[PDB]
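Here's the structure, in structure tokens; my notes come after.
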């Protein structure tokens, strides 16, 4: 089973609205893409490498330029957050 | 002005700085160094800010109330409800 934090849901709705300004359809495609990527965790729990720099037992799965911040618990996967990745040096 | 620290340029670096000042790209070799350190700080400032951002985002998600089952279609639907209210 896969459970998510209230913040993580807020992330996806914010993400959806941002893209929806351009095209609501395109927003559906990206979130669908995010979900497909989260659902891969049920079969491959360790697809995202450990990220100690973020959190003690945090893991990060990459979708586009965003990160699926998550943790593994006994019997279920906890989706903690979905934030944009560490930004590149390009200024 | 401000404080001063003395820096030691390498032979190859002195040569390149010389051409830049001569070409008029820069007024002095000291101003070129000032630019170099400023660029480096910008990079460090950015990297530090982003790393800190993610650190706080993680604790923020953990503390953001109780978890609920994951259904994307509910999220896709909930987002549209806010879009219509926007118009």
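Peptide A:11-20 is shielded by partner chain Cβ atoms: per residue, an average of 4 of them sit within 10 Å of its Cβ.
Potential lengthening of the chain between residue B:34 and residue B:20 amounts to 3.6 nm, from the contour at 0.36 nm per residue minus the alpha-carbon distance.
Here the convex hull built on the C-alpha positions of chain B has a volume of 290 cubic angstrom per residue.
Give me the inter-chain shielding for A:80-90: mean count of other chain Cβ atoms within 10 Å, whole number please.
Numbers: counts 8, 8, 2, 8, 4, 2, 7, 5, 3, 5, 1.
That average works out to 5.
Using the Kirkwood radius built from alpha carbon pairs, what does the Stokes-Einstein equation give as D for chain A at 10 °C and 1.306 mPa s, in µm² per second? Intermediate values should be presented prior to the final figure.
Details: Rh = 13.7 Å.
Answer from the Stokes-Einstein relation: 116 µm²/s.
The packing ranking, built from the mean of other Cβ atoms within 10 Å per residue, places the peptides A:62-72, B:48-58 in the order A:62-72, B:48-58, highest first.
Using a Förster distance of 25 Å, how high is the FRET efficiency between residue B:52 and residue A:18, based on the Cβ-Cβ distance and rounded to 0.05?
On the way: r = 23 Å, r/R0 = 0.91.
For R0 = 25 Å, the calculated efficiency reads 0.65.
With a 10 Å cut-off around each Cβ of B:51-59, the average count of Cβ atoms from other chains is 6.
Helical content of the protein assembly as shown, expressed as a calculated mean residue ellipticity at 222 nm, amounts to -18500 deg cm²/dmol (DSSP H runs of 4 or more residues, -39,500 (n - 2.57) each, divided by residue number, nearest 500).
Each value in this text was obtained by applying a stated rule to the coordinates, not by laboratory testing. Ideal geometry is used to build each Cβ from the backbone, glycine not excepted, and the neighbour counts take in all protein chains shown.
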